[PDB]
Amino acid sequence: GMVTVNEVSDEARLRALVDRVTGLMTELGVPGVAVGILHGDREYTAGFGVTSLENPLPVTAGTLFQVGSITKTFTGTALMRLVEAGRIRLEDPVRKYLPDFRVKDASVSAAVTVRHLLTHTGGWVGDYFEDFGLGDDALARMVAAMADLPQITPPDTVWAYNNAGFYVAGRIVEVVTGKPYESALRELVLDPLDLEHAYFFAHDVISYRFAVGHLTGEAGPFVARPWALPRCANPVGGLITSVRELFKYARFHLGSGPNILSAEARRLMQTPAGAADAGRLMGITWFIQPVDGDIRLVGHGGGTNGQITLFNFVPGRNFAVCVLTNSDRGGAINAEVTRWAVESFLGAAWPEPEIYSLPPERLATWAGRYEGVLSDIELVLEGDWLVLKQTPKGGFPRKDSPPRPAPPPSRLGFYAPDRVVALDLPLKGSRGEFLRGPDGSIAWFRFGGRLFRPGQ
């Protein structure tokens, strides 16, 4: 059962895209993929596949997807909204607005600022997902539950993707505004930017065209259940929107949109506040990726229960690209579509780092167990290559949800000292870094933004 090509705005221009994507989906098993490209006054949209495997409908440019972690930028934009009005400062401590907030470390609980949450420099355990109902008290109970959150590293030491840090970021918006986050996000960002179809609950998306998530196991893909994230995770990644609205979001952040943030504040979100992971830079919620001289990708990735998305934009060039898939393997599509649009519309040259292996005597020093909070990473020496074998521990989306189907193993190839990238689909493209301790021993293995402790 091959994939469908539902809608293509320009057929001749996106012809290479149509064939490049229509191929991958057959490979990975992605049920549906929505693409949107922006270049000056022109907008290029393309829809592939079906919304659901059980309930198929053609994926279009207006199809509603769960953009996932892209919502963090909306939370940051809403916070910078409050910074411009003189109500919040990024250097202010969190306890200035939530005096009851606390994590396991008391010294960190009193020194963490708003800037720490938006730059993932808190240091506590990030991937922490519980459910506290569907009422407006869900987010306030999430933050109070963070009192047991242990410290992985002290703050401002080793960069770590922090989902839990945005519970506080959204809760700060709740307190300073005095309204629920979903209403406040709608008040400061959605309504002024004319984001018509941008929702947080399933009771607003049912009557339209939406996508469901898919997990792929041995015998193929299947619908991912449950479809909805906990309400307390909405400031983290609970937004549901389409390509046509992500275009409006891109125009604003490119300086070509309305002024809910002055240009000065918008460029501050896109100024590197420090290093992130895998050669990326950390803005204010924004990820910055150097490419070709002045050309650098600003954006963020997304991923819920079976819905993997990506959003990027080039400042001063009026360029943007959105890719929204409904499979746990759509990240491979997210990368190739983003790369082609930059190489096709901006004519840039991409930094393809040289892939190499090492003598197996050295590779044996990297193999072993690597323990995370959401999954395990398993490196074993097979042939002249190191192979990554991931194993989800369970706990997503709910604390009782089952372990998701593990992806097929992939070979690891070095492109720099202590830096690797996966060479086989569907993990192909994900970079990793071995952070070593003061004695020279492996202290962490950062992969996908998360830190894994060497167990051996």
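Quick note: we count residues from 1 along the sequence shown, nothing fancier.
Novice: Out of 299 to 307 and 350 to 358, which stretch has the higher average CA B-factor listed in the record?
Specialist: It is 350 to 358 that shows the higher mean C-alpha B-factor.
Novice: Please compare 423 to 431 with 392 to 400 and name the stretch with the higher mean C-alpha B-factor in the deposited structure.
Specialist: The stretch with the larger average C-alpha B-factor is 392 to 400.
Novice: Looking at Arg225, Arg209, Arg369, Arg171, which has the highest Cα B-factor in the entry?
Specialist: So the option with the highest C-alpha B-factor is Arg369.
Novice: Among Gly238, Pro154, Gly165, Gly213, where is the Cα B factor highest in this entry?
Specialist: The record points to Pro154.
Novice: Based on the entry's values, in what third of the chain does the Cα temperature factor of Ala219 lie: lowest, middle or highest?
Specialist: Highest third - that is where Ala219 ends up once the chain's C-alpha B-factors are sorted.
Novice: Report the third (lowest, middle or highest) to which the CA temperature factor of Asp127 belongs, ranking only the modelled residues of the same chain.
Specialist: Its C-alpha B-factor, which the entry lists for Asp127, ranks in the highest third among residues of this chain.
Novice: Quick check on the deposited entry: does the C-alpha B-factor of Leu17 sit in the lowest, middle or highest third of its chain?
Specialist: As the PDB entry reports it, the C-alpha B-factor of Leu17 lands in the highest third of its chain.
Novice: So where's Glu382 on the chain's Cα temperature factor ranking, which third?
Specialist: According to the entry, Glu382 has a C-alpha B-factor in the chain's highest third.
Novice: For the chain shown, is the CA B-factor of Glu91 in the lowest, middle or highest third of its modelled residues?
Specialist: Its C-alpha B-factor belongs to the middle third of this chain's values.
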